[PDB]
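Undergrad: Please work out how this folds:
(chains A, B, C, D, E and F, ligands or ions: 8)
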Amino acid sequence: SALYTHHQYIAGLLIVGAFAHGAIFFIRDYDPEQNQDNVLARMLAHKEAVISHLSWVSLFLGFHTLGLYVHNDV
Amino acid sequence: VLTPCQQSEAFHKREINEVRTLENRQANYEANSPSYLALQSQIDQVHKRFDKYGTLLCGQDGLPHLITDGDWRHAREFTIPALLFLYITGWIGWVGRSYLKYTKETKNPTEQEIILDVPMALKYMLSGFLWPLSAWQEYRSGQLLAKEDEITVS
Amino acid sequence: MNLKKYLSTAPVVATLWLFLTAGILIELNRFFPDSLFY
Amino acid sequence: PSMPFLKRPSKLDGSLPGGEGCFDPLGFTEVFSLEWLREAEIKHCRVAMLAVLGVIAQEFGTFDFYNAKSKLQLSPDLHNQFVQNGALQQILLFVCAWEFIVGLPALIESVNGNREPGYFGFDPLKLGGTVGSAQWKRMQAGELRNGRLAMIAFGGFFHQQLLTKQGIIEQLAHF
Amino acid sequence: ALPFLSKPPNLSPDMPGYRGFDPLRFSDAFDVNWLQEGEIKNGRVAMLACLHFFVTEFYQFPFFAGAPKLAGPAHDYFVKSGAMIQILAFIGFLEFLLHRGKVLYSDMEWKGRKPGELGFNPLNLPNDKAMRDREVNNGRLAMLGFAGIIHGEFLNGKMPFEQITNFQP
Amino acid sequence: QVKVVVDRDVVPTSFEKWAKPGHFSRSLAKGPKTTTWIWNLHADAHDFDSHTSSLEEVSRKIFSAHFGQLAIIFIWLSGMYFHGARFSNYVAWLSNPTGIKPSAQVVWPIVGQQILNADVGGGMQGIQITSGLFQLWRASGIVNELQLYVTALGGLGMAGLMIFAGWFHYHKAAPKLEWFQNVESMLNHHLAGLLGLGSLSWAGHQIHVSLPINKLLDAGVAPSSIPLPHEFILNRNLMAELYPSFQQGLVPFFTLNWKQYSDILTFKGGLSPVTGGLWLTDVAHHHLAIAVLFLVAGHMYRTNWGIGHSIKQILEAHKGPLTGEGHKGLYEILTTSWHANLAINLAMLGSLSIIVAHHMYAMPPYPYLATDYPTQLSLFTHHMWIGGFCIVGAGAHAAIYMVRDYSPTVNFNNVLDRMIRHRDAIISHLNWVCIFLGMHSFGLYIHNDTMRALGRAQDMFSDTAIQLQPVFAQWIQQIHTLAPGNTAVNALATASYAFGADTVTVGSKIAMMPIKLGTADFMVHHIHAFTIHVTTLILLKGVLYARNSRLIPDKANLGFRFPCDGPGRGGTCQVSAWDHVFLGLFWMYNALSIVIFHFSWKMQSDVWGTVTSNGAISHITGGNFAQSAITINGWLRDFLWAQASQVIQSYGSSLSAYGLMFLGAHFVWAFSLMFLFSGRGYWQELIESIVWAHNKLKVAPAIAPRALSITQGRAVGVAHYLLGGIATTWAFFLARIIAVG
Ligand code: CLA
Ligand code: CLA
Ligand code: CLA
Ligand code: CLA
Ligand code: CLA
Ligand SMILES: CC1=C(/C=C/C(C)=C/C=C/C(C)=C/C=C/C=C(C)/C=C/C=C(C)/C=C/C2=C[C@H](C)[C@H](O)CC2(C)C)C(C)(C)C[C@@H](O)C1
Ligand SMILES: CC1=C(/C=C/C(C)=C/C=C/C(C)=C/C=C/C=C(C)/C=C/C=C(C)/C=C/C2=C(C)CCCC2(C)C)C(C)(C)CCC1
Ligand SMILES: CC1=C(C/C=C(\C)CCC[C@H](C)CCC[C@H](C)CCCC(C)C)C(=O)c2ccccc2C1=O
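TA: Residues are numbered from 1 along each chain as shown, chains lettered A, B, ... in the order given. Ligands and ions are numbered 1, 2, ... in the order given. Sharing the structure here:
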């Protein structure tokens, strides 16, 4: 029970680092001219749909764990 | 293994335990107390509660589980209120979209949203009843969607 | 005369609709309580 | 003063059918705009005339099959006989059909000032139902006086309970 | 028409069935012609629906039900038997062709001067004359009488018919 | 001079401006182009010194609004009297109060929640009262349901008089400002007329209602043989049996032979040993002392008759040398700025409510109040919490004075701004006292925490270890033991049984036990002095740095609810005089959370519980304070782990609604943190990234969906941190003490 929780908190730390250097990549390392309509430029293009749908599935689960847990708890 | 719930042991253990446990308060009152009649109604609402969960699946926990596969034997469990629900907030969503594309073309769209025009509101509240084949036929005209709206830098 | 405009605003009609559908849920859960089927 | 009283000369009223005058000693018409109050006066006096004729008619012996009276107030013999009968519900509910449905907007007509707040039409009488000036106003004051006397008279027909405990006719049968 | 000066609503007097009566001013906010169409349609299907409560007598019982004069769980007797789903298929597949715009407040097809569609009228003795008014009165009467039959089936449950002769609670 | 000039037909009373939301603010009558107009509509609903600078129109608005507040209070008390009438078991509670738990609210039977109807006795169930209404009704002498119905209907009658009064005093008779700045008359009628005739007339109610009734109920008469309070005034004969000084009439009063009134009035103190409340002879005598004393107090303000003071000639006369000008200006500050008056009255009102809590736990003034411990707890706790919040309202509205209504011409070299000349020396020494008390109030707990954790319990701060016996509190408590023979000469018992003699028990329930204060109670008092000094630091830093700091030297040019200045000066987030009040609400939650965590655990260890045969003792935790309050593991374990166990196992029973308002209040507490930590620079284009998903489906809302502003996006974090944080201790406390007491 120490190894599991150990590698899990290290696991979540390292995902959050991968995304944080994602944002460091898009700020201090990204050139949208060698990436002329590239796959990354395509990613920055339709990013509104990506954030709208992560916000959608997050809004679906958070009314349907907390919906079901407050239902079961009541 | 999901046993059928009408014959599971721990289910009927919860029947005896909750009818008896709630029944323990029922001997605290006389034969014509209003509370005693209320717990008569409550004991009725427990035996009905456990007879009306007969065709469910309570496993070893004695608690009625559900199944969301669309097995068509569990359709009254999940998929019938699923399609029912999707009809209800497809109603609500098509009402709200239809009312916003009303007030988008009015005099002052700001004052339209504080003070709802209950004439035109209750027009769209009731008219948005058949949103699959009305929203679908407004989709086939290429009008449910849009194109070239706002966006950031790229 | 202009009271019906106040009874057409956002919070008042919000209460006269969520009060109403709230009464749909409660009056539909007194008549048919413990409704997990269908 | 314009009042036939101590002194408050025509605070707001005087042309209304108070033929002996405008009474109003306490500041209600001062701040209530008087049309609401005129509808309250007239509606209370109508329902009080029905109240006092109800008490008299019930004291003159009419029951299909019910409880005997011995009084016409004090709920669990008379008033809460019919509520637990499930009987006075609808005779309230049609009053709900009169008041919420065809009396509440009429009161709205008795706010904007186009009502003369009696006047639910209602003259089913030939040879005497003058809608005009003389008989309409001198009869509206008569409805008003007999209605007010019904209000105090129904007060007296209620509160003869403590040293009475009996009917009003049997109050007349003792002094 | 209603005497206490309550008559400037959104209505019109040339409308059929007009007698000047809306104290709760439902004519406002609810599209008076669509309300007229709802009164006509509620009157006609209520009119047929209480005509069924007159033809619960021995005529036309063809081999399928055999259980007349129930009017309560008769709804359960024919929901349970099936094909009332199919009578929603009958009304649904008619009514698509009746109105052809078929949406409640959105796009009411005000074309033919009147809430009456295509003239479903093979007999065709009157046109849209003041016969419409005596359709409206025989519609409203057949609404409230329909309700009285059903609540008579509710608390008494005895007879839709023989409450008329000498039977009283 | 004193004269009442009243405008008539001020404002027409149509519903026209209800159709114009934000009619009142010309800064906000533009209409919502964004959703921030929605919340600014409510944030400017009562900024009365932001509608118009004209103090006449403002003063009409507020003075009419008070009648709306009193209308809601009379609807509230009429609600409590009706829920006492129709729904409560108060008539059955009046028979045996120590057995029947008080309940009014009878939960409607929907799915499950009919199990909340606790069978508390009286033959009729419902959820149990903790507000203690039945004790105030037994004290007030309400016998049967009829006075509860009638007093409820009079509550609606006064509610109608306050709605009609407020409408009448904004619209069709509203006064001038010269009525309002006539403040010697206002004190002259509130000291004398309000409080004087209030306490005098209440002495009338207690002598002619409560003393016969709570003499009969003290004698144990059933609530049918008790005559009405009606019948004690038709004849003195039913009271001369009970109190034989009524036979003499008012004749010994007018001859000043007040020795004769020892039956009606006395000075005994202590508690009634039968009912567990104060002697209503002492309480009625007490309200006479407030009566004559306040009617003396009212007549020191010259109004028309040239007899009395004015506040100007008082404040000028204290021209002290170390202040220079003296109190010159404060009569012009407090009669032209409302927010300063709200600062003073919320400070003294809140501290009065705290005083109310401390005087109710130790001198329980209602009969059978200290018997049922939840009503004893939650009337300490509730009045402690509003008694907290009103002090932050003082710390806010003092700053709202200092930002808006400060004017250096009237306010030049007086007692006020000479503080602000050395506000560095104010706030710096509050900073020192906060650090010194934090070390010496909480470092002692880390000390005992380590020494108990390091095994060396010889080095703790217990009674066995290095003791910290509170010397001063034990000494003056020993003086309060020696009061009623020595100094309170005509007394019999002490001021309380939190001070002196052996305990008072009613129905084998400990009403009040003498509280012992040794070496753990000490350190919790230094918690309280510490967290009081921190709120005083944030709420004096919020006022002395309100108008012009040395960080930001134009805050009055920015306002009161401004969020910040910018990232300049290395970041100036959260710097306004409002933002200190934002902080003082969290420290309000801290300070009162450990006040009631001192209360509800010292008095579950040292006072409350039962008594057994031969007068033997039994507390609820069983003396488990001084060996356990000294640490934090003893505090968290032995209090928050152990006292939670009756909130947590509360399912399947009538205490399960506290088991829902416990977890849901943990949810609201945890839900505040989302608003506190993040900010609208995230949420605004998170939201706008959702606005793309509405613009794609043409569901663009016409009011533009902004995020919250900054000050709203932290005010809501306060108002959830406190709602969830307070409702956790609410559900924990009532589910703790209802489950036993
Ligand atoms: C208890 C703590 C708590 C809770 C419940 C949430 C919940 C959520 N956060 Mg979150 N958050 C928190 C703490 C919390 N956070 C903290 C501490 C941080 C660090 C500051 C963040 C940082 C953060 C970020 C950065 C983001 C979120 C987002 C979200 C949402 C995810 C979508 C979803 O599940 O919606 C489901 C909805 C809910 C779970 C809401 C709860 C249900 C409510 C209570 C019912 C509705 C009201 C109810 C009827 C009561 C009425 C009240 C009465 C006055 C009438 C969700 C609302 C994201 C978002 O916006 O997604 C769309 C997002 O981008 N959060
Ligand atoms: C006009 C009504 C309306 C409609 C059709 C939609 C439709 C949509 N919203 Mg939504 N939304 C609405 C109102 C509406 N919203 C309101 C009022 C709010 C503020 C609370 C939000 C907040 C919101 C968020 C935060 C998110 C969406 C998202 C979405 C999309 C995914 C579906 C979903 O989970 O909804 C979400 C539904 C809710 C959050 C709750 C429903 C909102 C209210 C309670 C019901 C709306 C009815 C409306 C008020 C009726 C008014 C008109 C009537 C009086 C005439 C979808 C396009 C998501 C997205 O981008 O996915 C791609 C997303 O992340 N919406
Ligand atoms: C002796 C007379 C008297 C009395 C009893 C009061 C009492 C009160 N004043 Mg008040 N006041 C007075 C004189 C008086 N005032 C004078 C002379 C002035 C002008 C200098 C003011 C100016 C003033 C302001 C500016 C405010 C008050 C407020 C209040 C209320 C505080 C809330 C409270 O304690 O609730 C307890 C409630 C009660 C005890 C109920 C009291 C009701 C009884 C019947 C006494 C009321 C008699 C009434 C004043 C007579 C009006 C005469 C008119 C009818 C002809 C309280 C009702 C505050 C408030 O809330 O506004 C209303 C407030 O903001 N007063
Ligand atoms: C549990 C978390 C926590 C802690 C410990 C503190 C502690 C403190 N806050 Mg605080 N605060 C907190 C949460 C906390 N806050 C939160 C959540 C808010 C949100 C609103 C605030 C808001 C706030 C404001 C607004 C202010 C403070 C201030 C202060 C200081 C008060 C002076 C004092 O007590 O000094 C004594 C210090 C302690 C009791 C901390 C423990 C020290 C131990 C006893 C001794 C040292 C330990 C050890 C020996 C160190 C050496 C070893 C190490 C070097 C290896 C104090 C340091 C005030 C300030 O600036 O100072 C006056 C102030 O104005 N706080
Ligand atoms: C802040 C609160 C506080 C206090 C009062 C103490 C006090 C003590 N701790 Mg301690 N401790 C604390 C917090 C505290 N601790 C915390 C927070 C931790 C965990 C980090 C520990 C961990 C700890 C350990 C592990 C141990 C102690 C021990 C001790 C004891 C001996 C330490 C010693 O020699 O003092 C040193 C004292 C000084 C150097 C004196 C400086 C202060 C003087 C009095 C200021 C005077 C100024 C004066 C008033 C100016 C005005 C006059 C002038 C103008 C003329 C002593 C009782 C030891 C023990 O065995 O306990 C018996 C021990 O082993 N503590
Ligand atoms: C309430 C209470 C009463 C009931 C009271 C009321 C009066 C109930 C009666 C209501 C009547 C008015 C019902 C009327 C029914 C009329 C039928 C439905 C008409 C049918 C016409 C249809 C077939 C349409 C006809 C088209 C007419 C037209 C000629 C077109 O070209 C073509 C064509 C033929 C389609 C009692 C006392 C009687 C009985 C109690 O039990 C209950
Ligand atoms: C069961 C199974 C399976 C399946 C599985 C899979 C394979 C899945 C998939 C899935 C996956 C496997 C996924 C992954 C994940 C990953 C992640 C997690 C990623 C993300 C990323 C990050 C984190 C970051 C980001 C970024 C940015 C932001 C910018 C730049 C770019 C980048 C990318 C860097 C198989 C077939 C094998 C077989 C059988 C079994
Ligand atoms: C989540 C969050 C938001 C977003 C909060 C959104 C904007 C408000 C969500 C609740 C509102 C009330 C939803 C609006 C819905 C209307 C009530 C209509 C719904 C229909 C009925 C319920 C009436 C911020 O604006 C914010 C600002 C500053 C710091 C932190 C935060 C922050 O954490």
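Undergrad: check contacts around residue F:327.
TA: Each residue near residue F:327 by CB atoms under 8 Å, 6 or more residues apart in numbering or on different chains is listed here: F:314, F:315, F:316, F:318, F:414, F:415. The way it works is simple: take the backbone N, C-alpha and C, and place the C-beta from them, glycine included.
Undergrad: The closest residue to it other than its chain neighbours: neighbouring residues, count only.
TA: Leaving aside its sequence neighbours, residue F:327 sits nearest to residue F:315 (CB to CB, 6 or more residues apart in numbering or on different chains; 3.7 Å). A count of neighbours around residue F:315, defined by other CB atoms under 10 Å in any protein chain shown, yields 19.
Undergrad: Next, find the distance separating residue F:315 from residue F:577.
TA: Distance check for residue F:315 against residue F:577: by CB to CB, to the nearest Å, it reads 25 Å.
Undergrad: Quick check: whichever residue of chain E sits closest to chain D vs residue D:43, distance?
TA: Per CB to the nearest CB, residue E:3 is where chain E lies closest to chain D, at 3.1 Å. Distance check for residue E:3 against residue D:43: by CB to CB, it reads 17 Å.
Undergrad: Same question for residue E:113.
TA: In this structure, residue E:113 and residue D:43 are separated by 44 Å, where distance is defined by CB to CB.
Undergrad: Next: residue F:472.
TA: For residue F:472, the distance to residue D:43 - CB to CB - is 72 Å.
Undergrad: okay, the two: which has more neighbours?
TA: With neighbours defined as other CB under 10 Å, residue F:472 and residue D:43 compare such that residue D:43 has more, 17 against 7.
Undergrad: what helices or strands is the helix or strand harbouring that one leaning on?
TA: Using DSSP states H and E, the secondary-structure element containing residue D:43 is helix D:35-59. Using 3 or more CB pairs under 8 Å, 6 or more residues apart in numbering or on different chains; DSSP states H and E, the elements in contact with helix D:35-59 are helix D:104-112, helix D:134-158.
Undergrad: Can you point out the buried residues in that helix?
TA: Going by neighbour count (16 or more other CB atoms under 10 Å in any protein chain shown), the buried part of helix D:35-59 is D:35, D:38-39, D:41-43, D:45, D:48-49, D:51-52, D:55, D:59.
Undergrad: ok, which stretches of chain B are helices?
TA: B:9-23, B:34-51, B:80-103, B:111-114, B:118-127, B:131-140 (DSSP state H).
Undergrad: Can you check which of those helices gets nearest to ligand 5?
TA: Taking CB to the nearest ligand atom as the criterion, helix B:9-23 is the member of the helices of chain B that comes nearest to ligand 5, at 50.4 Å.
Undergrad: what comes into contact with that closest one?
TA: Taking CB under 8 Å, 6+ apart as the criterion, the residues outside helix B:9-23 that touch it are B:5, B:39, B:42-43, B:46-47, B:50, B:58, B:60-64, F:115, F:652.
Undergrad: Taking those, tell me the two that lie furthest apart.
TA: Maximum pairwise distance in the contacts of helix B:9-23, criterion CB to CB, is 30.6 Å, between B:39 and B:60.
Undergrad: Among the two, which residue is more densely surrounded?
TA: Set side by side, residue B:39 and residue B:60 give different neighbour counts by other CB under 10 Å, the larger being at residue B:39 (24 against 11).
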